[PDB]
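Chains as they are written, first to last, in my numbering: chain L, 1 to 151; chain P, 152 to 302; chain X, 303 to 410; chain Z, 411 to 518; chain W, 519 to 642; chain A, 643 to 766.
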Amino acid sequence: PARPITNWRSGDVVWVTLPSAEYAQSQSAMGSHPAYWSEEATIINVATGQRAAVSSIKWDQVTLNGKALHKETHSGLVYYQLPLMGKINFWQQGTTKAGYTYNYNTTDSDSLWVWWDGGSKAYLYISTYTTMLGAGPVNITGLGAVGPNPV
Amino acid sequence: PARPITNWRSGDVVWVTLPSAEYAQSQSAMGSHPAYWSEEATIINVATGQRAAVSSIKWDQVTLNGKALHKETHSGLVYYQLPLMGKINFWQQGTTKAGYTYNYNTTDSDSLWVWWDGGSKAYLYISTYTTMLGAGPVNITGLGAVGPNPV
Amino acid sequence: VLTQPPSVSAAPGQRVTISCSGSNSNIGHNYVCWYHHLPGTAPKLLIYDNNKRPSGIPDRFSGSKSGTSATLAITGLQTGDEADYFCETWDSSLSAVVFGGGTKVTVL
Amino acid sequence: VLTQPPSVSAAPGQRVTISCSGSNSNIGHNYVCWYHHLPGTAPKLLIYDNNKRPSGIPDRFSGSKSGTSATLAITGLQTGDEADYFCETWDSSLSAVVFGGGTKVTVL
Amino acid sequence: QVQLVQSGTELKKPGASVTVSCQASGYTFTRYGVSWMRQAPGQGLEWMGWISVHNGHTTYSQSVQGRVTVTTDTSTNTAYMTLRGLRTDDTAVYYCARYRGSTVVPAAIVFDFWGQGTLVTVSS
Amino acid sequence: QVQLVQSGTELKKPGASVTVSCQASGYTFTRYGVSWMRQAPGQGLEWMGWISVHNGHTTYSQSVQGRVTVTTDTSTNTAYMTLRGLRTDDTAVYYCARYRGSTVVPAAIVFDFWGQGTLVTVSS
Numbered sequence: 001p002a003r004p005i006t007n008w009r010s011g012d013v014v015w016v017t018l019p020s021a022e023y024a025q026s027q028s029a030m031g032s033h034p035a036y037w038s039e040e041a042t043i044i045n046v047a048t049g050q051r052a053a054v055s056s057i058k059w060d061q062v063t064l065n066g067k068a069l070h071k072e073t074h075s076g077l078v079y080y081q082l083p084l085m086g087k088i089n090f091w092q093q094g095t096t097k098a099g100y101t102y103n104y105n106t107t108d109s110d111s112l113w114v115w116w117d118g119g120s121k122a123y124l125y126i127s128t129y130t131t132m133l134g135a136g137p138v139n140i141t142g143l144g145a146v147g148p149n150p151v
Numbered sequence: 152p153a154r155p156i157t158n159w160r161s162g163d164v165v166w167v168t169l170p171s172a173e174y175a176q177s178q179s180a181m182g183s184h185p186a187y188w189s190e191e192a193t194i195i196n197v198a199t200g201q202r203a204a205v206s207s208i209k210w211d212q213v214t215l216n217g218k219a220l221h222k223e224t225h226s227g228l229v230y231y232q233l234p235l236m237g238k239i240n241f242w243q244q245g246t247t248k249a250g251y252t253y254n255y256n257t258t259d260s261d262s263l264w265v266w267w268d269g270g271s272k273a274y275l276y277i278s279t280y281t282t283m284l285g286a287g288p289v290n291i292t293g294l295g296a297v298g299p300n301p302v
Numbered sequence: 303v304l305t306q307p308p309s310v311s312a313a314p315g316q317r318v319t320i321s322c323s324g325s326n327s328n329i330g331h332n333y334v335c336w337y338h339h340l341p342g343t344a345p346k347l348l349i350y351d352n353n354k355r356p357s358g359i360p361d362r363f364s365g366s367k368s369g370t371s372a373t374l375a376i377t378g379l380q381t382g383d384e385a386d387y388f389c390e391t392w393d394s395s396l397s398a399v400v401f402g403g404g405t406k407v408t409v410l
Numbered sequence: 411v412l413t414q415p416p417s418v419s420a421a422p423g424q425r426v427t428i429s430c431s432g433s434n435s436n437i438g439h440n441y442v443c444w445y446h447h448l449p450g451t452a453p454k455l456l457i458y459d460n461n462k463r464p465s466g467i468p469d470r471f472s473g474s475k476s477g478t479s480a481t482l483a484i485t486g487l488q489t490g491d492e493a494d495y496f497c498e499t500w501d502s503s504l505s506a507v508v509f510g511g512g513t514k515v516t517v518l
Numbered sequence: 519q520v521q522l523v524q525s526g527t528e529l530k531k532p533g534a535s536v537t538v539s540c541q542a543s544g545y546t547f548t549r550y551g552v553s554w555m556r557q558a559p560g561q562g563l564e565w566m567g568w569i570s571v572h573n574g575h576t577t578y579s580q581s582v583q584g585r586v587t588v589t590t591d592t593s594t595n596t597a598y599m600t601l602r603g604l605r606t607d608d609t610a611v612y613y614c615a616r617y618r619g620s621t622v623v624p625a626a627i628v629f630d631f632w633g634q635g636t637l638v639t640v641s642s
Numbered sequence: 643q644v645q646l647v648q649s650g651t652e653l654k655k656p657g658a659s660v661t662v663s664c665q666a667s668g669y670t671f672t673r674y675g676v677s678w679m680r681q682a683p684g685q686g687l688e689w690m691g692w693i694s695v696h697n698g699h700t701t702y703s704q705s706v707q708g709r710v711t712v713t714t715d716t717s718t719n720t721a722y723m724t725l726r727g728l729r730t731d732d733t734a735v736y737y738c739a740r741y742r743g744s745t746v747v748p749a750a751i752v753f754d755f756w757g758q759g760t761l762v763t764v765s766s
């Protein structure tokens, strides 16, 4: 009697934490733009209270408003898009010091890109601008509002 | 058997919506910096599910981690601070077009400033940079993570 | 500098499209506004933020913006809509408020 | 250009403070790193992001940053810590990676 | 209701100074700004300059050669506009509006709630 | 474990060209970058330049007068460094590191997991 973690409505609140996360420079799912990424991240639905590790989720079974998430392959590796609605907010975990995204002065929404190997291995990406929180590894906690289906 | 809306922990998720909201230019609670503000806003706790109108809350009885919210008087009007932790995220309601804050490229957290008259009248302020969403009136939905007590 | 047609005309019941044409510093990065002005009266706001009506403005009036152009649509033209219609936006190059030229609407 | 003391010294069991001094384009807007280097060996990372240890670095080593200065603290100095210690940051003025000068640590 | 009532029509000489008032009501006068536009006979509107009543901060156009000056009375809720050095082509209907918005790079000014206009004739 | 193993010591003449290798192991070589630093006898380290193995993008210092050139072999996971026009004061221990971070205005480069160094002597 609970909505599982592999079920997202447009309007849910996602609470991702990133145990110690490294900076990427040229991430291809988000164009050619930088990112912080973690190996052992944890995705949380706030309104339902359902918590799950990112690497323990079959990401082909996750649906947004019933329909399946958008997938892209870049250099032979498959990335999954959970589109947000608004900019993704993130900050160093436990510290009030915050970070800001790549399109930090642009009226665009962000997404939440997930690499998935096929087994028990998955990465989680947050679109960033630079190393405003460090070059990594650094604990990051994110916050986003779940968005519409990509047309 | 429910936490009231006038009770905030450092780590809650706030979901403010702003029915049609006007642009301010020189808001004094947030320095001298711009803002969108609404008269009939609604504050929502996402993890508990408690919804309440902003104008129907006695804001002197709202507590953060038990302790009372920080208050400032500017030009003889009292403003209450619900400090966030990370930047505040906001967007045009129903639209994926987003907005961005004043310190949009600065590693700072935001707050969530509430003017309160003393009776049934209260305003809600979101720190912005310019009219990236319009000169007002415009429907805005916000999103923030509730932060530590201001030292 | 915002350029408009000097006159647009339609039968009673049809629609008109009143269009400005600025540049990348006039309209492409800013929000345009549309005003209604009888001669010898005060101007009246119709469209703000390129597509939004105030209270007390009918659904007949609708606006849009596409790049450096912006078009006021008056769908279902009737009598009483015989005045000037003109733009307003901010020019970041000149650091000034620039207006259109006004558009006569003649009911056939 | 990052400037360091050429030599810092303490008794076994005390603490040392090895400090760089850059400018507003070296350290005031960037994150500094501290390295450990015996002569004739490879350098080894100690502090990154001004205050953070990698795995396998003891709690004895701690760093900080205050404005355009940055200080490596080695609390509880023992034998085996006799090498050079030097900074690294990005200079946005020169568009280059700038290093310190190395600091000798002599155990008394 | 929000209303702006201006002063009556005036007739000046070439070289005089014309002062046009704009009474305000129905809103907090220190919350918003007040602009000033003109309309030559046969042309569209031309912006001249505004003021912000929060602190006092005027921003005029370039086509007027520093001849305009906009001040406000906070007590009577009335904003003024003094144009000196009246050339013959300054005959216009001078309008008063309620300035509201921003001028940073995504910009939006609305000029809602105008005033009725004031004809100033510069002749002999 | 992540290791960088360089080439052996070399002895050149004034005016020759020295090529220093840097074998990599223990990590995905196309994920990170490889820098090159030197150490004159009696001084601290001096940065010379890097490469990014994602696409190939070199960024050298100014104190070397366009004499360095850094290339990579993707198949053998090995990065190179060719220094031409050897002056007498180019005698140094040339180090290899794993570049990681950003150079935009909040910047942080780490240079973790260095290599053991290679002495190059330019003499007769």
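Don't be surprised by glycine CBs; every beta carbon is placed ideally from N, CA and C.
| Item | Value |
| --- | --- |
| Same chain, Cβ closer than 6 Å to residue 205 of chain P, neighbours up to 5 away in sequence not counted | 192, 194, 273, 275 |
| Neighbour flag for residue 176 of chain P against chain W, beta carbons, 8 Å | yes |
| Chain-order list of residues whose beta-carbon lies under 6 Å from that of residue 168 of chain P (same chain, five-residue window excluded) | 193, 292 |
| Closest Cα partner of residue 407 of chain X within the set X:380, X:370, X:401 | X:380 |
| Stretch pair the segment 657 to 671 of chain A + the segment 718 to 733 of chain A: three plus CB contacts closer than 8 Å | yes |
| Closer than 8 Å at the beta carbon, the chain L residues around residue 216 of chain P | Residues of chain L passing the Cβ test: none, with the nearest at roughly 14 Å. |
| Interface positions of the segment 285 to 299 of chain P facing chain D (Cβ-Cβ less than 9 Å), listed along the chain | In the structure shown, chain D cannot be found, because the protein chains are L, P, X, Z, W and A. |
| Separation of residue 224 of chain P from residue 25 of chain L, as counted between CA atoms | 45 Å |
| Straight-line gap, residue 361 of chain X to residue 75 of chain L (C-alpha atoms, nearest Å) | 51 Å |
| Three or more C-beta pairs below 8 Å linking the segment 99 to 111 of chain L and the segment 709 to 729 of chain A | no |
| Residue 632 of chain W, enclosing beta strand (DSSP E) - first and last residue | Residue 632 of chain W -> no beta strand (DSSP E), and no H or E assigned at all. |
| Other residues of its chain near residue 284 of chain P: CB distance less than 6 Å, five sequence neighbours each side excluded | 243, 250 |
| Cβ neighbour criterion (16 or more within 10 Å) applied to residue 411 of chain Z | exposed |
| Residue-chain proximity (residue 181 of chain P, chain W), Cβ-Cβ < 8 Å | no |
| Residue 767 of chain A (DSSP reduced to helix, strand or coil) | There is no way to answer for residue 767 of chain A, as the model of chain A reaches only from 643 to 766. |
| Residue of W:594, W:567, W:580 minimising C-alpha distance to residue 523 of chain W | W:594 |
| Span of the beta strand (DSSP E) around residue 293 of chain P | 289 to 296 |
| Cβ neighbours of residue 653 of chain A in the same chain (closer than 6 Å, five flanking residues each side left out) | 763 |
| Buried versus exposed, by CB contacts within 10 Å (16 or more), residue 286 of chain P | buried |
| Sufficient close CB pairs (3 or more, under 8 Å) joining the segment 464 to 482 of chain Z to the segment 415 to 423 of chain Z | no |
| Whole-angstrom C-beta distance between residue 452 of chain Z and residue 637 of chain A, which should lie under 8 Å | For residue 637 of chain A there is no data in the structure shown, the boundaries of chain A being 643 and 766. |
| Cβ of residue 752 of chain A within 8 Å of any chain Z Cβ | yes |
| Cβ contact (3+ pairs, closer than 8 Å) linking the segment 322 to 331 of chain X and the segment 366 to 375 of chain X | yes |
| Exposure of residue 209 of chain P, with buried meaning 16 or more beta-carbon neighbours within 10 Å | exposed |
| Beta-carbon spacing of residue 172 of chain P, residue 279 of chain P below 8 Å | no |
| Cβ distance (whole Å) where residue 636 of chain W is taken to contact residue 617 of chain W below 8 Å | Actually they are not in contact, since the Cβ atoms of residue 636 of chain W and residue 617 of chain W sit about 18 Å apart, beyond 8 Å. |
| Start and end residues, beta strand (DSSP E) containing residue 265 of chain P | 264 to 267 |
| Whole-Å CB distance - residue 131 of chain L paired with residue 23 of chain L, under 8 Å assumed | 5 Å |
| Buried or exposed by the 16-neighbour rule on C-beta atoms within 10 Å, applied to residue 557 of chain W | buried |
| Cβ of residue 491 of chain Z within 8 Å of any chain A Cβ | no |
| Contacts around residue 688 of chain A, its chain only, beta-carbon distance under 6 Å, and the 5 residues preceding and following it disregarded | 680 |
| Under 7 Å from the C-beta of residue 562 of chain W: neighbouring residues of chain X | 388, 401, 402, 403, 404 |
| Under the three-state DSSP convention, the category residue 54 of chain L falls into | helix |
| Endpoints, beta strand (DSSP E) assigned at residue 59 of chain L | Per DSSP, residue 59 of chain L belongs to no beta strand (DSSP E) and is neither H nor E. |
| Length of the line joining the Cα atoms of residue 387 of chain X and residue 629 of chain W | 14 Å |
| Chain-ordered neighbours of residue 131 of chain L on chain Z, where CB pairs are closer than 8 Å | 441 |
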